[PDB]
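These protein sequence lines map, in sequence, to chains V and A.
According to full-length UniProt numbering, the stretch in the first sequence is residues 137 to 414, 426 to 756, in order.
According to full-length UniProt numbering, the stretch in the second sequence is residues 137 to 414, 426 to 756, in order.
Number of protein chains: 2
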Amino acid sequence: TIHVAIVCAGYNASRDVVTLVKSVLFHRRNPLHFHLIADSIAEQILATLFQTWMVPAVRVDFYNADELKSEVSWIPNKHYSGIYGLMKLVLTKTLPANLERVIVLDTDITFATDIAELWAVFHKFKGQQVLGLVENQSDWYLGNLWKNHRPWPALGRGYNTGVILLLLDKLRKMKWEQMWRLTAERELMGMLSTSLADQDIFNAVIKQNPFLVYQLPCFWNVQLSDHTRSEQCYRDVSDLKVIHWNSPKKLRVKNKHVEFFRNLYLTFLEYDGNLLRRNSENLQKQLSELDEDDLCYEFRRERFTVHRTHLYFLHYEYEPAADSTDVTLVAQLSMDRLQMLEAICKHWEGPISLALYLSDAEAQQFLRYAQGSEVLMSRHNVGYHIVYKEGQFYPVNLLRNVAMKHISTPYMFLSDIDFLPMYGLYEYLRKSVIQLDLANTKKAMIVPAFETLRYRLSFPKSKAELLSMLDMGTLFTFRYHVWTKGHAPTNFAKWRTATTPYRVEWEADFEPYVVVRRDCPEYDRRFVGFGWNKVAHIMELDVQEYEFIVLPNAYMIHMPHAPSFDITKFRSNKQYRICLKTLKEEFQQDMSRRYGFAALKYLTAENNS
Amino acid sequence: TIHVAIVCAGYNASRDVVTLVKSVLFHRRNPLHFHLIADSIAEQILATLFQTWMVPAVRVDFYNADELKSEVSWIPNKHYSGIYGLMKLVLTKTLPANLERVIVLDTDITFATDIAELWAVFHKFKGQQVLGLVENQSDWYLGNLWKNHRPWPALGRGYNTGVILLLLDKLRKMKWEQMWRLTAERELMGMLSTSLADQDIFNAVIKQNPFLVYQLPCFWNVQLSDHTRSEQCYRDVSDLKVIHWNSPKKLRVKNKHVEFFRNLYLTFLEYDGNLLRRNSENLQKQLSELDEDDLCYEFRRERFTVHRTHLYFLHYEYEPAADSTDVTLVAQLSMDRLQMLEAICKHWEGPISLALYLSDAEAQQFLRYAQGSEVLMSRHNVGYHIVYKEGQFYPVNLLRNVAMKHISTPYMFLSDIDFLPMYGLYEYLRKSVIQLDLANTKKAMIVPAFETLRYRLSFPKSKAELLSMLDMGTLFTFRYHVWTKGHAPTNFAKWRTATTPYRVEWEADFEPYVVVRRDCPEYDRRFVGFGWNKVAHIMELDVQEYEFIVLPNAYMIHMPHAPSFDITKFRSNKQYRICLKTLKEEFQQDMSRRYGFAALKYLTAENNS
Ligand SMILES: [Mn+2]
Ligand SMILES: [Mn+2]
Ligand SMILES: [Mn+2]
Ligand SMILES: [Mn+2]
């Protein structure tokens, strides 16, 4: 068995840990056991990520850091990592005595070869040589990079904490705790604070006792920074196994042959991690009896699938409000449709949770785009949950549920990414929510839907101006030429004169856009793709005696968009339609079973139609 | 320096060898040397690809098959591959005498492990074991699959020729040609023909002399068919090394673990080959003097960038006519503008080209979709030249010139997929070219630009009705609200009353759509993206004393389309605009130097404006 421990904190390092994990997994032979010293947010994200990865012969265990933040709090730090840099100092207190030797990797490492070869070095230590480390490739500790430099004392050039190799389960038998605490206290009275966090103190702990360390080969930790001489430490491609990026620039580091290093960085990150799979047994014995001859075999197989979800891709933050009535949009988006994102961002003020569906490479494409555009960065309160690509269908309900569950306000709005709201729709929905008093009853609010057929139009301001455009003829009701029954029962002719909200019942194929509490039912997953992805939720919410209210002054208007293959596959072959109807009626019978007489209504409708 | 031999024949093989070479190259660790025996179309396709791939430490040599077709012409065959399967036995004559041992692989093979391990088996041959094969994993040769089956004689279950391991040196030495020829005729005297082409003759020469074979372990090629028995021939993922998909259904087969095998197949069919990249010296030295402190170094970096081109993705066939006055379109496009292709297919009748610009995964999705639509499939004579993505900019000029160079008719028509000229325009332009007789003079024909914003517009048919709908004014001159000088200088006013074509000189920012002979100049690579792209061609075309002729009776209807990302960057990035201006100055002075006084006019215009 190979064991390893990584400190994780912040969204950036959570991403670094995912890249490191795929790099390591590329060359595995043996079972692996990780230990992530993580805070609350990173733990929440990575638990789900690793629970959905389904990797065999891997066990991942997370150790809280908030409780153990105080252990090093007395040591001031200036490293960009923060207080979490010193967390590499108290692993013995966290990791139980059950283990004997364990790797320790910083989040930025990217393994180029098998980690078993590194694990091999745990039988090459002599006598009291317990700690494994590699010599720093810079001249930071030598005190000669620039005038008036006073680095912490160390032996020779100093050693870098990129890769730590522990062993003997001796650090407890030798009382490491007291000595390191005493060393740290002694090395803080003269100078101000640490410079490299753990790497700053460990070097001193090496100097005061030179014989614990085992001076590994330099070409083990090929540090990449502005003052590296690794060209002596590396000769060819095969002379390279593990690379570090010990600069805040990271991707913007400069070297003589940095091109090959950038290649070696994108060689693992680009890999589609869904091909690394060579809570489970349940999935196998449900997939086992899926009849291939069944007309819905592909759908049945797809429904049970689990896809790699990476919650909170970019930095997120939200200060809760006392009104406890805030709403948050939900949308499903793909890389064929991301251009109008900014349009939507400028038209929403409250928190919004999306759910992307990307393919690794494209995922990164989106990363570069978002890191370029200033509009997304100016806004800190937008989530990004990317459920990576897998299979051939479009599990839209999956992504909608993923955006549903992780939401920081009690209320939510269901819509599509192709639409667009007014200026201040957030505020009006807050007022309407606080007025209709949905805190107790199970009621829903509906925002009417329209569409337009001209790319470059101005954005209306008021209701009168809107109805002016409508009768001018540039706008119509949503789906007024393909699926008329979707919104026709709203009979906007009635709404035009409306001044207070009014309630409506359900009509055939009646698919509005709802604002609802966080307890609303999850979308039924058997249906994936395009078509009948919303109406099922509507009939679910209706059989549960949820009333509908249609807001008089709110509206939302569709922006033209090109078609995708989902609608084409919805119009291609009759088998897809037959399977769709099959699942429809299946849902009706089972829904009746769980509720009964109330469901007969819908059944009668199909008899009438 | 492993040596491989692949038979290529037909467009399907041309597209399978890409995935096979991808698979082999993914796990490479030592230099490789291919030998592709191909006909004219496959030779051109594969020559063009590798030459563009720029893979290092890999050598590729192509051997003609037309000259060597006759060798096996006397052997009737029934395999779907064709007569090229039998050609697998003439390799001794075709391959050079300086080689010793070669791995002969069919197109369908996929390598799960490095071919170095397979090559290593050439250190385990003893006695007179000169061939290397594996036992067939089917019951074809056993004569028991069904009633009235008479397989050719073989040793036991038989052998599958998917993978052949040879020792050229010997087979030459010990008289291989004559004995396989003698066996070939000896086994064809009684009955009609073979059942598996080369897989039959090899089996025959395996049976007659059992001392040449070497019974490799079963797991060197896991044959998958409708009656496979490979379940006992593997236990885990690691053991598997190579898979043969011997079935006309290919990916539609059914097996116990067909899902995992299909996932592996899709792993490399969708892998990003632009990562696999790890003529060269010259490109590097051009990149040498490039300065990163320059105003527009990004443009210089992109000017000579080489992109992977896979010409003629799908079947293509076209017989030139005796008139020698045909015209073919050219137009760039990507994902976002695919659906228009059908409309143009319903408009044009003769051959077209399109420099489709997508990644690998998007290319595969397009392949499936185009294999779905009946209209696309039924049209044989439409090329599809695909250039994969790399870098950040949009090398529109590169796409258009890749479409330019490879055209199978004398004259050509330059446009974008954003236009949809009339119905029957093919014969009209044929007669126009015939009558104006460009075959001798140097002239450029022009068809009418325009623009509309009505997606559901009945398609016009005749000039007078356009006169009417301009009188009522449904659609306006193309780009009448952003760039008036783009097409207003054509003075559409006089077009209406004209009945014969009229000639026009050059004006500022005149960017029409032209028809011209193949000889027309290539584009300047310096301009990549949107903006000041076609005017370069128009000015260069004009200075070569090409008379601009405007056809009286033709016309085009711009189909409204969504905004792209390049235009957004151009409108947002001022540095882009300034770099456009400096590129214009550079091009103007290069124009001056390469032609002299005649090009001063542009400079004067730049001074006047
Ligand atoms: Mn670091
Ligand atoms: Mn739509
Ligand atoms: Mn085959
Ligand atoms: Mn356009």
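Ideal Cβ placement from N, Cα and C applies to all residues, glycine included.
Find the residues of chain V that neighbour residue i, judging by a C-beta separation of less than 7 Å, and give them in chain order.
{"i": "residue 712 of chain A", "result": "486"}
{"i": "residue 390 of chain A", "result": "439"}
{"i": "residue 408 of chain A", "result": "406 and 508"}
{"i": "residue 373 of chain A", "result": "414"}
For residue i, return the contacting residues in chain A, with the cut-off set at a CB-CB distance below 8 Å.
{"i": "residue 232 of chain V", "result": "Going along chain A, no residue has its Cβ under 8 Å from residue 232 of chain V, so there is no contact; the nearest lies around 32 Å."}
{"i": "residue 719 of chain V", "result": "519"}
Taking the alpha helix (DSSP H) that residue i falls in, what are its first and last residues?
{"i": "residue 737 of chain A", "result": "721–742"}
{"i": "residue 489 of chain V", "result": "488–494"}
{"i": "residue 256 of chain A", "result": "251–256"}
{"i": "residue 313 of chain V", "result": "312–322"}
{"i": "residue 685 of chain A", "result": "681–690"}
Which whole-angstrom value describes the C-beta separation of residue i and residue j, a residue pair presumed to lie in contact below a C-beta threshold of 8 Å?
{"i": "residue 319 of chain A", "j": "residue 337 of chain A", "result": "7 Å"}
{"i": "residue 147 of chain V", "j": "residue 553 of chain V", "result": "With 8 Å as the limit, residue 147 of chain V and residue 553 of chain V do not qualify as a contact, their Cβ atoms being about 14 Å apart."}
{"i": "residue 540 of chain A", "j": "residue 449 of chain A", "result": "5 Å"}
{"i": "residue 544 of chain V", "j": "residue 674 of chain V", "result": "6 Å"}
{"i": "residue 557 of chain A", "j": "residue 473 of chain A", "result": "7 Å"}
{"i": "residue 352 of chain V", "j": "residue 268 of chain V", "result": "6 Å"}
{"i": "residue 287 of chain A", "j": "residue 340 of chain A", "result": "Not a contact, Cβ separation roughly 11 Å."}
{"i": "residue 707 of chain A", "j": "residue 570 of chain A", "result": "With a Cβ gap of about 20 Å, residue 707 of chain A and residue 570 of chain A do not count as contacting."}
{"i": "residue 464 of chain A", "j": "residue 528 of chain A", "result": "7 Å"}
{"i": "residue 531 of chain V", "j": "residue 576 of chain V", "result": "Not really, about 22 Å apart at Cβ, beyond 8 Å."}
{"i": "residue 201 of chain V", "j": "residue 248 of chain V", "result": "Actually they do not touch by this definition, with Cβ atoms about 29 Å apart."}
Run through chain V and tell me which residues come within less than 8 Å of residue i, C-beta to C-beta.
{"i": "residue 516 of chain A", "result": "712 and 715"}
{"i": "residue 483 of chain A", "result": "483 and 709"}
{"i": "residue 621 of chain A", "result": "Near residue 621 of chain A there are no residues of chain V at all, since even the closest Cβ is about 13 Å away, more than 8 Å."}
{"i": "residue 423 of chain A", "result": "Along chain A, the last residue before the gap is 414 and the first after it is 426, so residue 423 of chain A carries no coordinates."}
{"i": "residue 403 of chain A", "result": "408 and 411"}
Mind pulling the chain A residues with CB within less than 7 Å of residue i?
{"i": "residue 399 of chain V", "result": "414"}
{"i": "residue 567 of chain V", "result": "Going along chain A, no residue has its Cβ under 7 Å from residue 567 of chain V, so there is no contact; the nearest lies around 14 Å."}
{"i": "residue 506 of chain V", "result": "508"}
{"i": "residue 297 of chain V", "result": "Per Cβ cutoff of 7 Å: no residues; residue 297 of chain V is ~30 Å from chain A at best."}
{"i": "residue 217 of chain V", "result": "In chain order: nothing, as chain A lies at least about 30 Å away."}
So which residues of chain A does residue i contact, with C-beta pairs closer than 9 Å?
{"i": "residue 707 of chain V", "result": "602, 707 and 709"}
{"i": "residue 458 of chain V", "result": "Near residue 458 of chain V there are no residues of chain A at all, since even the closest Cβ is about 24 Å away, more than 9 Å."}
Using the rule of at least 16 other Cβ atoms within 10 Å of the residue's Cβ for burial, across every protein chain shown, is residue i buried or exposed?
{"i": "residue 321 of chain V", "result": "exposed"}
{"i": "residue 309 of chain A", "result": "exposed"}
{"i": "residue 226 of chain V", "result": "buried"}
{"i": "residue 538 of chain A", "result": "exposed"}
{"i": "residue 276 of chain V", "result": "buried"}
What are the start and end residues of the beta strand (DSSP E) that includes residue i?
{"i": "residue 715 of chain V", "result": "That residue, residue 715 of chain V, is in no beta strand (DSSP E); its alpha helix (DSSP H) goes 712–717."}
{"i": "residue 661 of chain A", "result": "660–664"}
{"i": "residue 296 of chain V", "result": "295–301"}
{"i": "residue 265 of chain V", "result": "It is not in any beta strand (DSSP E) - residue 265 of chain V carries neither H nor E in the DSSP assignment."}
Starting from the beta carbon of residue i, find every residue of chain V whose beta carbon is closer than 9 Å, and list them in chain order.
{"i": "residue 501 of chain A", "result": "Ordered by position in chain V, no residue passes the 9 Å Cβ test against residue 501 of chain A, which lies about 17 Å from the chain."}
{"i": "residue 633 of chain A", "result": "Going along chain V, no residue has its Cβ under 9 Å from residue 633 of chain A, so there is no contact; the nearest lies around 17 Å."}
At what residue ranges does the stretch 436–473 of chain V contain a whole run of the alpha helix (DSSP H), taking only runs of 4 or more? As summarised for the stretch 436–473 of chain V, the continuous alpha helix (DSSP H) elements at least 4 residues long and confined to that stretch are 444–451, given in chain order.
Could you tell me which uninterrupted beta strand (DSSP E) segments, each at least 3 residues in length, are contained entirely in the stretch 517–598 of chain A, listed from first to last along the chain? List check, beta strand (DSSP E) in window: 558–561 and 590–594.
Continuous beta strand (DSSP E) assignments of at least 3 residues falling wholly in the stretch 340–368 of chain V: Under the rule that a run must span 3 or more residues, the beta strand (DSSP E) segments found entirely inside the stretch 340–368 of chain V read 349–351.
Which complete alpha helix (DSSP H) runs does the stretch 145–214 of chain V hold, if anything under 4 residues is left out? Along the stretch 145–214 of chain V, the alpha helix (DSSP H) occurs as fully enclosed runs of 4 or more residues at 146–162 and 176–189, listed in sequence order.
Ignoring anything shorter than 4 residues, give me the alpha helix (DSSP H) runs that lie fully in the stretch 602–650 of chain V, in order along the chain. Correct list: 610–619 and 639–643.
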